[PDB]
Amino acid sequence: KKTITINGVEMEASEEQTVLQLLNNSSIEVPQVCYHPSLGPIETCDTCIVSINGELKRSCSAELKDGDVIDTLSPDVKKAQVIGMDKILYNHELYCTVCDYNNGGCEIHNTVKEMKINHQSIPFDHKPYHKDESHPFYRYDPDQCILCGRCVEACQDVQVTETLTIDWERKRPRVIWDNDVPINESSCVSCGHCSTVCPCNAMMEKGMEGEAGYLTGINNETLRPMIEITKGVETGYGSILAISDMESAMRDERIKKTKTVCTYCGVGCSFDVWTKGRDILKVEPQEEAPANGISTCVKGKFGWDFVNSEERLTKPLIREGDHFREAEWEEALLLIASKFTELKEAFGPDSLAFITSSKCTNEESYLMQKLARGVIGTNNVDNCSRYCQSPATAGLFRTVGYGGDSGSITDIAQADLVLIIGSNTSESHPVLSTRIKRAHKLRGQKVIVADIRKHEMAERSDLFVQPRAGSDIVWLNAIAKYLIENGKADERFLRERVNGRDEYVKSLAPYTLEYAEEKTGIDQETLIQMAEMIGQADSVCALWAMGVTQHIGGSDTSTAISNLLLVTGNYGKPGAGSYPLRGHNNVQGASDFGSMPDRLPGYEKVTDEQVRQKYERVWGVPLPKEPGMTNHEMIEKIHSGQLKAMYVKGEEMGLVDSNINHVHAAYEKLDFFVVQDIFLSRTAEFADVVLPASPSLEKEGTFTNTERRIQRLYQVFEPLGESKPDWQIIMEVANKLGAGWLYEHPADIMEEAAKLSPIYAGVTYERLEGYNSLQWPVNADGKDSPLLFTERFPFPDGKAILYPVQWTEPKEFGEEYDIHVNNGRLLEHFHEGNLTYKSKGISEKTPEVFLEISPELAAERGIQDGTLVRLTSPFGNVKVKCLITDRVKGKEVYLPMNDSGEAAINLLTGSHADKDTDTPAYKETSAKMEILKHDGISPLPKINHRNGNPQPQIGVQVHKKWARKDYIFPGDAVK
Amino acid sequence: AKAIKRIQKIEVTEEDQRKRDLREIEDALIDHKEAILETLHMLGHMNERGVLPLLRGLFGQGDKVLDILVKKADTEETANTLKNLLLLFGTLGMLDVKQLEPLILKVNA
Amino acid sequence: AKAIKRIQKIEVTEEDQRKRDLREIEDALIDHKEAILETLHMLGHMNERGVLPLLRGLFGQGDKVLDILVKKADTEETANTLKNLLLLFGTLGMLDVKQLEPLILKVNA
Amino acid sequence: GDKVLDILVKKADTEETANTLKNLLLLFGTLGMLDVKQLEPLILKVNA
Ligand SMILES: Nc1nc2c(c(=O)[nH]1)N[C@H]1C(S)=C(S)[C@@H](COP(=O)(O)OP(=O)(O)OC[C@H]3O[C@@H](n4cnc5c(=O)[nH]c(N)nc54)[C@H](O)[C@@H]3O)O[C@H]1N2
Ligand SMILES: Nc1nc2c(c(=O)[nH]1)N[C@H]1C(S)=C(S)[C@@H](COP(=O)(O)OP(=O)(O)OC[C@H]3O[C@@H](n4cnc5c(=O)[nH]c(N)nc54)[C@H](O)[C@@H]3O)O[C@H]1N2
Ligand code: SF4
Ligand code: SF4
Ligand code: SF4
Ligand code: SF4
Ligand code: FES
Ligand SMILES: [Mo+4]
């Protein structure tokens, strides 16, 4: 279809919608300043004017009709592009020679060069507005703004926060925030999209200002006259632009760009890191990034100031009475080896626990389990996935077969219906939500939200239900019951790929529509309209998180979600599946490499005689037959005099494991404690030997994100002082016992594991070069799997097994503890703040921990904002400050876990856990309300990403610009 | 006296290799001792005649030096003079010096 | 295994820190050994061709050199020549090279 | 510097630059054939 003629040359189309898309593929030069591929056409620069069938139109927005005659070289088309560029340079001073955006990628600078323009007809004019340095991470230079609206199109349709707008009604239209409110005071989420998508220095990250070049260091008081003198003398742009290109070229000497995978959430955002020595100038996302492209949250683009903190540990520590004395590497490595062997030949290998981190790479987890199993001889291996992804894994293993997402993030945005169950996705997996919100806004995507808090995802949704605590499984079974009775369920799928229909049908018997209304608190009217839409949609993506996982029957509710998709045929279909949102950056990756004490790498259980020999052949030590203990149950082993030593790397489990009053007492009850964190954390205080680890940027390796995407890291900087990387430390520790491991770099560790792992059979560092990534199960040759179970399931018959599960009564505190206390994440604060609060800008929007109370709740209890309150539980007590917020309901407060101290929600959490995979029940906690104060410093200020008011709109409203009588189209100006 | 092919490299330690690399510089120092002492004398004379302190002051206070210079030199006169100077080079390219040669010779008489 | 926070810094002595800082220079010497020996050869050649002694004499006796220069160059002729030279730059700013361009082209024919 | 030089030579290899620089050299040669002796009194008459 479609045959065209480019300047006489006959041509044919493949799939391109626009003329510009064709001219770009055909390598034909055409200016296109405001066109960004990820943003779509905006029609704000008018630099792409071409003659299609005699008509002068913008090629970025030009439907590819049949038999069109494109003209990209006529004196009239070039003369028109020129007129457009002169109106661009009217709002640009252009000082590349001394500008930080002169790095060979400034769309304006590179286009002036391309257009062969040396004298602008419309001289530059200063805009009557001021620069807004209010935000601690980026600035706005109005005098350099070209009203391209790339930032506006990104904030509204990409990030879908809707803060950025352009007031076209003004004499000088400028980029406004809310109602022309300063950025710090506005509803700015601080993602950094606006700066990523701006083509010039108008929207720029403050970390580059006076740091990028050599002449950029000059103070503005002397640099401004320097510029005026330059303009007066210069002849044509061609000459001075060439000089600027030389400074830009010299910039390669001092600036380094290294690809990395974000160590915040499990989204798996890949991006370059522009560093000059130890300082970071900018996080530059690259279009080809697999899980995000040019998308970031606040943390990924600006939360890296922790690597350069004074609290960082450089030299290893050893306990010396009332203090930690600095000690040499070899003398510390000998001490740990001395005690480990002493305890091994006195109590047994089982007396040594080995806790891995969900921050460490795939190799780091593999070597930590190799040290415990192939050196020490015990199976005591676990990460923070006991309380995080245990129901997320167990729920899927019991029904479909693999402990991971059914597809990639792209499948979520394509899906007709997105079901969200217990997930604050906006403030936990942010880049993921900018796909859900994007599709709900642009494609009219069906979104159903189901959790006790009305968060950003809930308000931007088509349907929002509020079930009671531990009652999600009830309505899940009720929907399935309704769907199967009314013949709405996909029966073809049930016969073809489902094993055990009639058995599961009998288990749905007590789940009548009226039963769900009595237990959950969801009216049968909305309860039936959500069930009708689940079966009406072509593809359903079920996204669940801690509001499902951290419960008494956490695994039961997880299994209920998967077979509900199974019942409606939402598997092996492009745009549907089960998506347990992995919270940690490498919680999936660590799990994949035998970090479960129940399984070896590649999810193969430690009970196979054959797999126990497959690993023994290449290790040379008899693999332990005794199954290990989970992170949760080994805490009790200490009090019973069974656990002697523990090796926890990069995890603050003495702050994130259920009941920290008990796990603090359990920590001081063991003989040896070796902690491997980058900072001196709460867990690190109770240690005997501390080993200073090297963070994400100070090492290379691999990270398997939520969509089972194994990405590769590039070392940004080499270890600070003597802080060896985590993998190096593990190797040296194993060697000091007697292992003799030889890995020149982390790539060598991967090739040892990849052979042994069946799913990771064909994973090579060469296949992960640059922004390349693989999705397991990946064949030995290199065939990955973006979507799971396309032709068969991982079971003998190739069918999925339904799991009948009954609603286990949620263990509630009751009697005196009536006001339930919730727990979760913030957008800017990644837990306690041992990485985020270090970035001092993140501490301005959110400075402290708070207790979210509703206007209904703050009336019956007689409380205001900025007041001290005491929430007491049968496990602990907290000294939190009350925050009045419109999100929560009834008598259900919210305590986000962003304080490693006295106001931590881990004191109040109970020892009670899930009835299948030892998952601590955090979303099952209640407390009593006491008052300590009436007035004080408010926990959340006006300068936050939630206090402001957004102004939603689609696109940039380019017609408002075109409405102005000063605007004249370049094409009809020549006419 | 059987047939063998394996080779065992000698242990050139971190400090051993360093001391060899340093001896490399120390040798070229001896080889150019003549010029080294000559340059040092010359440098001592530059400090003696304030050349070195003059440069040290220039760089130590260069922030002021440059600001002083650019502020005074950013006049309308200077900007025009410098631009016209550049313009002169361009126009002196369009000139055909071939015919200016005999034109000069007639003025001589 | 109680909760402790006190930290005890290691004793990096005056000479210890010095030997680490010196090793820093000694490493960059090895890293640039190639250029170091090259520069030394070039410098040896400069002394070989009297360039270095010529500069040494210049600075060692610069007091005389400068006095000789300024005294001879303080003529009425030199003062006027140099002032008029400066005057020429100023007046060549008032000139509009735009109209001198076609003026040149007509002389060419 | 490899980039620096390549950037410089490519931009400076115009027909204009080549002619300007050649004519500049030509000017030195022709300013040798000039007899500055008779230009000296020629200047003095213009002064009045
Ligand atoms: N009440 C309550 N408690 C909860 C939860 C809840 O909802 N409510 N959720 C629970 C869950 S699901 C989880 S998994 C946990 C989260 O707990 P964790 O998995 O422990 O996560 P963090 O505390 O963010 O990170 C631990 C430390 O790793 C260090 N670190 C960072 N990068 C590196 C690196 O590359 N290497 C090394 N070695 N160290 C590094 C940092 O200094 C940081 O302090 O919280 C649990 N706690
Ligand atoms: N910015 C940021 N990102 C993070 C983290 C962080 O601290 N900061 N930590 C990471 C980690 S360790 C994890 S595991 C994830 C966690 O993130 P996800 O679990 O989204 O994160 P949560 O904030 O725990 O959101 C769970 C939500 O479930 C709902 N909910 C609670 N109880 C119930 C219930 O009984 N029923 C239903 N239906 N819903 C309920 C509540 O509205 C609650 O906010 O995020 C990860 N990402
Ligand atoms: S943003 Fe680009 S075009 Fe504008 S002054 Fe800087 S380098 Fe030049
Ligand atoms: S502020 Fe918006 S319109 Fe102005 S230069 Fe930046 S992206 Fe373009
Ligand atoms: S909310 Fe802030 S960081 Fe996010 S796109 Fe808008 S201006 Fe940029
Ligand atoms: S926390 Fe998640 S969404 Fe934010 S930058 Fe990191 S990977 Fe991307
Ligand atoms: S790219 Fe077409 S108007 Fe800007
Ligand atoms: Mo987690």
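Some values worked out for this structure:
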read-out: Which of A:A509, A:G814, A:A80, positive extreme of dipole for chain A (C-beta unit charges); value: A:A80
read-out: Translational diffusion of the protein assembly as shown, µm² s⁻¹ [Kirkwood Rh, Cα pairs; Stokes-Einstein; 10 °C; 1.306 mPa s]; value: 45
read-out: Over 14 Å [Cα-Cα, segment A:249-306], rounded percent; value: 52
read-out: Neighbourhood charge, 13 Å Cβ-Cβ cut-off, centred on A:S385 and excluding it, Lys, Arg +1 and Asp, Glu -1; value: -3
read-out: Equivalent-ellipsoid semi-axes of segment A:1-139, from the Cα gyration tensor, Å, largest first; value: 32, 17, 13
read-out: Cα extents of segment A:529-580 along the three principal axes, largest first (Å); value: 32, 25, 15
read-out: Cα-centred dipole magnitude for segment A:55-152, charges only on beta-carbon of K, R (+1) and D, E (-1), debye, nearest 20; value: 100
read-out: More than 16 Å apart - percent of Cα-Cα pairs taken over segment C:8-48; value: 57
read-out: Magnitude of the charge dipole, the protein assembly as shown, Cβ model with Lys/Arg +1 and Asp/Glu -1, debye to 20; value: 1000
read-out: Degrees between helix A:472-485 axis and first principal axis of chain A (Cα, 0 to 90, nearest 10); value: 80
read-out: Positive minus negative residues near A:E828 (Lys, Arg vs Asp, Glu; Cβ under 11 Å); value: +2
read-out: Convex hull of segment A:895-958 built on C-alpha atoms - directionally averaged projected area, nm²; value: 9.3
read-out: 10 Å Cβ neighbours from other chains, averaged over peptide B:95-103; value: 6
read-out: Reciprocal of mean inverse Cα separation for segment A:392-453 (Kirkwood radius, Å); value: 12.7
read-out: Net charge of neighbours whose Cβ lies under 10 Å from the Cβ of A:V716, counting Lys and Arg as +1 and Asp and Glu as -1; value: +1
read-out: Antiparallel content of DSSP bridges confined to the protein assembly as shown, in %, to 5; value: 55
read-out: Dipole magnitude of segment A:533-649, debye to nearest 20 (Cβ charges: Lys/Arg +1, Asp/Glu -1, about Cα centre); value: 300
read-out: Links that overshoot a 18 Å alpha carbon limit, given the list A:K339/C:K5; A:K879/A:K933; A:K359/A:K755; A:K78/A:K171; value: A:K339/C:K5; A:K359/A:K755; A:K78/A:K171
read-out: Kirkwood hydrodynamic radius of segment A:203-321, Cα pairs, Å; value: 17.6
read-out: Globularity ratio of segment A:570-646, using Cα Rg and 2.2 N^0.38 Å; value: 1.46
read-out: Cα-based reach from D:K45 at 17 Å (exclusive), listing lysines while leaving out same-chain residues under 8 positions away; value: D:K37
read-out: Segment A:791-936, Rg to Rh (Cα coordinates; Rh as Kirkwood inverse mean 1/r); value: 1.10
read-out: For A:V690, A:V974, A:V958, order by how many other beta-carbon atoms lie within 10 Å, fewest first; value: A:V974, A:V958, A:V690
read-out: Spherically averaged projected area in nm², based on the convex hull that wraps the Cα atoms of segment C:63-109; value: 5.5
read-out: Rounded FRET efficiency, nearest 0.05, which uses the C-beta distance separating A:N949 from A:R172 and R0 of 30 Å; value: 0.80
read-out: Angle in degrees between helix A:329-344 and the longest Cα principal axis of chain A, rounded to the nearest 10; value: 30
read-out: Two-decimal ratio, chain C, of alpha-carbon radius of gyration to 2.2 N^0.38 Å; value: 2.41
read-out: Near-label residues of segment A:240-281 by backbone N, under 17 Å of a point 7 Å along Cα→Cβ of C:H32; value: A:253-254
read-out: Shielding by partners - mean other protein chain Cβ count within 10 Å, residues of A:680-688; value: 2
read-out: Dipole axis of segment A:731-866 (+1 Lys, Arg; -1 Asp, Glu on Cβ), positive-most option in A:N834, A:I801, A:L742; value: A:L742
read-out: Helical contribution to [θ] at 222 nm, DSSP H n ≥ 4, -39,500 (n - 2.57), averaged over chain A, rounded to 500; value: -8000 deg cm²/dmol
read-out: Spatial separation of Cα centroids for segment A:786-818 and segment A:341-419, in angstrom; value: 19
read-out: Percent breakdown of C-alpha pair distances by 5 Å bin, ordered from the shortest bin, for segment A:617-663; value: 5, 15, 22, 23, 14, 10, 7, 4, 1
read-out: Label-point separation in nm, B:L86 to A:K231, each point 7 Å along Cα→Cβ; value: 1.4
read-out: Considering only segment A:1-103, percent of DSSP beta bridges that pair antiparallel, nearest 5; value: 85
read-out: Rotationally averaged projected area of segment A:794-873 (alpha carbon convex hull; nm²); value: 10.9
read-out: Most positive-pole-ward Cα, B:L86, B:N108, B:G60, against dipole of chain B from beta carbon charges; value: B:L86
read-out: Alpha carbon convex hull of segment A:450-519, volume per residue in cubic angstrom; value: 123
read-out: Crossing angle, helix B:33-48 versus chain B [Cα axis fit, 0-90 degrees, rounded to tens]; value: 50
read-out: For segment A:672-787, alpha-carbon Rg over 2.2 N^0.38 Å; value: 1.22
read-out: Kirkwood-type radius of segment A:758-833, with distances r between different C-alpha atoms, in Å; value: 18.1
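Bear in mind these aren't lab numbers, they're just calculated from the coordinates by the rules spelled out. So basically every Cβ, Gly included, is an ideal-geometry build from the backbone, and we count neighbours across all protein chains shown.
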